[PDB]
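Chemist: Model the following, please.
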Amino acid sequence: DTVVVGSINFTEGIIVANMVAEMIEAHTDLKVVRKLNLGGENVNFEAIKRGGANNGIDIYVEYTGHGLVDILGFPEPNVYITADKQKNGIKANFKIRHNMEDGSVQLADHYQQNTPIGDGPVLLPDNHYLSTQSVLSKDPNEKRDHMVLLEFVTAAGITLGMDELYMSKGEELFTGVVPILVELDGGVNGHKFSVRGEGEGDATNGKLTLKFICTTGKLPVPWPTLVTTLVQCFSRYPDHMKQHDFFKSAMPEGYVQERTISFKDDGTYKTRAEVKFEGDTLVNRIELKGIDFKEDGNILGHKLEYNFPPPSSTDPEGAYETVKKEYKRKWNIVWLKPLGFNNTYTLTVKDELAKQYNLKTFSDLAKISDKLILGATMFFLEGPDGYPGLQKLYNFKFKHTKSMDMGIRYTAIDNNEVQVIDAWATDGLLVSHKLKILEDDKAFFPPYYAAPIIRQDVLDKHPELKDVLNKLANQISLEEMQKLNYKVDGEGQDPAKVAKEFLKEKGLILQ
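Modeler: Residues are numbered from 1 along each chain as shown. Sharing the structure here:
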């Protein structure tokens, strides 16, 4: 029959949409409907959910970063740590997305304060984040209500910058493997329960193995809700970040971790815990009080699956794999092979500006942001992977922020209307306006490798599509894609003509 191919109203998307349409019409005897969307939020994601039957798309080109946003909530799962000098400790924000049976998600918003127990000196960190991977399992020979947890945590967000390095005396307590005891006394909506966990931690590798048992009978809440609450001192800090490990510096006297966990459309947990050494053993002693929970709700009704969401990886291959697997497992959508270019957000300035203020990286731009006016697309300003996520890590304080269309932002930076723009790495106008891209030194941004995305049922009806579309694999480099975007924007041309020309040129389309 026919297949619907959608795209948002931007140059690169239209070009690649026409390329896919031409590949399908050339290498298969199938009909290709082309649809250009309004530009609404998650328009392509919801369209490919609906499919062609319900006035939606069946195929579109997505970027791994926006995929991380769409199926994992990319910025949110990272534990974003900043310093509170007043309380001589740290604060942290994150959100957990607990999977449910019907594919929905229970949101759990975590606000966290950590304060040293002793009066010793402690390391106050620069803005950074903890990337966490958690795997939940069961012992088959354990008749009690229990959870087996295996966890890997790595600290990120601080750049290695060709400067010498080598930090604290509590750091030396984690050189080897440390035994771990965790005690939790909790009450949720009047249920009183206790949890005891035993295990061990290797901080040089960032690995925790623990087994928790509910000593009071049946646990009145699903186990994944207690995962966060149930030892961030075991996080593996890379050698260049070892000066920012607050948690180890507070040892052995320990620290106090207070946390507020808000379950969307349900109750809240309030936890206070003390994490400290007792003899050889690191102990986490927690009091948990949950107040306002719906009795038939997702939490008290046990409507959450026994899993934790997979982590969002900044590695390009890891990102593609995670996005492909999750789009498959949830909503049943196939990520095909990448086209080969990475069209990433990047803050860019006039090269004159960078020369004058000696700007190399995002941190330098941040220290003078108050003087500057940022002009960016609505996608960068609104999207969680754009300016808001950036500020979670970078502390940008711009004088103004003006939403602009693509193209108009380039003329505006040329005319000094704005000083910083959200240039996209494949933008055609990047050659002509003499701009400098700055470096994402804290490495907030994810990969934005473009790849075609197809519904599984359309793949079933027409199995040939997989190979014909995968023919465009590693074919379009960043330079080539930029050349085509310039051949549309810099020189007014029809996108379909440029697409067909490029396809015939490389022999992908014979004629």
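
Chemist: Render the CA-only coordinates of the lengthiest helix in the chain in CSV, please.
Modeler: Ranked by residue count and defined by DSSP state H, the top helix of the chain is helix 11-27. C-alpha atoms of helix 11-27 as CSV (Å, rounded to 0.1, in the frame of the first residue of the first chain):
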residue,chain,number,x,y,z
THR,A,11,15.6,22.5,6.5
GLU,A,12,17.5,19.4,7.4
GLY,A,13,14.3,17.5,8.3
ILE,A,14,12.6,18.3,5.1
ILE,A,15,15.7,17.3,3.1
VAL,A,16,16.2,14.0,4.8
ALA,A,17,12.4,13.3,4.7
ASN,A,18,12.5,13.8,0.9
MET,A,19,15.6,11.5,0.8
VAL,A,20,13.8,8.7,2.5
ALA,A,21,10.8,9.2,0.3
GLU,A,22,13.0,9.0,-2.8
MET,A,23,14.8,5.9,-1.5
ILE,A,24,11.4,4.2,-0.9
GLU,A,25,10.0,5.2,-4.3
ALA,A,26,13.2,4.1,-6.1
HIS,A,27,14.1,0.8,-4.4
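
Chemist: what element comes up after it heading to the C-terminus?
Modeler: Counting by DSSP states H and E, the next helix or strand C-terminal to helix 11-27 is strand 31-36.

Chemist: From the chain's centroid, how far away is that next one?
Modeler: Between the centre of strand 31-36 and the centre of its chain there are 31 Å (C-alpha atoms, centre = their mean, to the nearest Å).

Chemist: can you start the count at 55 instead of 1 from here on
Modeler: Done: numbering now begins at 55, and the last item shifts to strand 85-90.

Chemist: Flag every buried residue along that strand.
Modeler: By neighbour count on 16 or more other C-beta atoms under 10 Å, the buried set for strand 85-90 is 86, 89. Backbone N, C-alpha and C define where each C-beta goes, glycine included.

Chemist: Specify the angle between that strand and helix 65-81 in degrees.
Modeler: 170 degrees (axes from the mean of the first three to the mean of the last three C-alpha atoms, to 10 degrees).

Chemist: quick one: residue 286 and residue 208 touch, right?
Modeler: No - judged on C-beta atoms under 8 Å, residue 286 makes no contact with residue 208 at a distance of 11.6 Å.

Chemist: which residues are in contact with both of those two?
Modeler: With contacts taken as C-beta atoms under 8 Å, 6 or more residues apart in numbering, residue 286 and residue 208 have residue 184 as neighbours in common.

Chemist: Compare neighbour counts for these two and give me the winner.
Modeler: residue 286 (23 against 17; other C-beta atoms under 10 Å).

Chemist: What count of nearby residues applies to the residue nearest to the more buried one when sequence neighbours are not counted?
Modeler: The spatially closest residue to residue 286, leaving aside those adjacent along the chain, is residue 301, at 5.1 Å (C-beta to C-beta, 6 or more residues apart in numbering). For residue 301, the neighbour count with other C-beta under 10 Å is 30.

Chemist: which stretch of helix or strand covers residue 301?
Modeler: Counting by DSSP H and E, residue 301 is part of helix 300-303.

Chemist: Tell me how far that helix lies from the chain's centre.
Modeler: 25 Å.

Chemist: just stretch 373-385 next, same as before
Modeler: That offset, for stretch 373-385, works out to 13 Å (C-alpha atoms, centre = their mean).

Chemist: Pull the contacting residues for the nearest residue to residue 378 once chain neighbours are set aside.
Modeler: Distances taken as C-beta to C-beta, 6+ apart place residue 389 nearest to residue 378, at 3.7 Å, with adjacent residues excluded. When the contact criterion is C-beta under 8 Å, 6+ apart, the partners of residue 389 are 116, 121, 374, 377-378, 381-382, 505, 507.

Chemist: I'd like to know how far the residue nearest to residue 286 sits from residue 227.
Modeler: Plainly put, residue 301 is 11 Å away from residue 227 if you go by C-beta to C-beta, to the nearest Å.

Chemist: what separates residue 273 from residue 198, distance-wise?
Modeler: Taking C-beta to C-beta, one finds residue 273 at 10 Å from residue 198.

Chemist: for residue 155, same thing?
Modeler: Taken as C-beta to C-beta, the span from residue 155 to residue 198 is 24 Å.

Chemist: Now for the residue nearest to residue 286: which residues touch it?
Modeler: Contacts of residue 301 by C-beta under 8 Å, 6+ apart are 168, 286-287, 289, 309, 329.

Chemist: distance between stretch 94-110 and the chain's centre?
Modeler: 23 Å.

Chemist: Equivalent analysis for stretch 513-527, please.
Modeler: Counting by C-alpha atoms, centre = their mean, stretch 513-527 comes out at 29 Å from the chain centroid.

Chemist: who's in contact with the residue nearest the centre of the chain?
Modeler: With distances taken as C-alpha atoms, centre = their mean, residue 128 lies nearest the centre of the chain, 2.3 Å away. Each residue near residue 128 by C-beta under 8 Å, 6+ apart is listed here: 119, 122, 366, 438-439, 443, 500.

Chemist: Residues contacting stretch 146-165, please?
Modeler: 126-127, 130-136, 145, 166-168, 276, 278-279, 281-282, 313-318, 320, 352-353, 357-359, 361-363, 384-385, 446.
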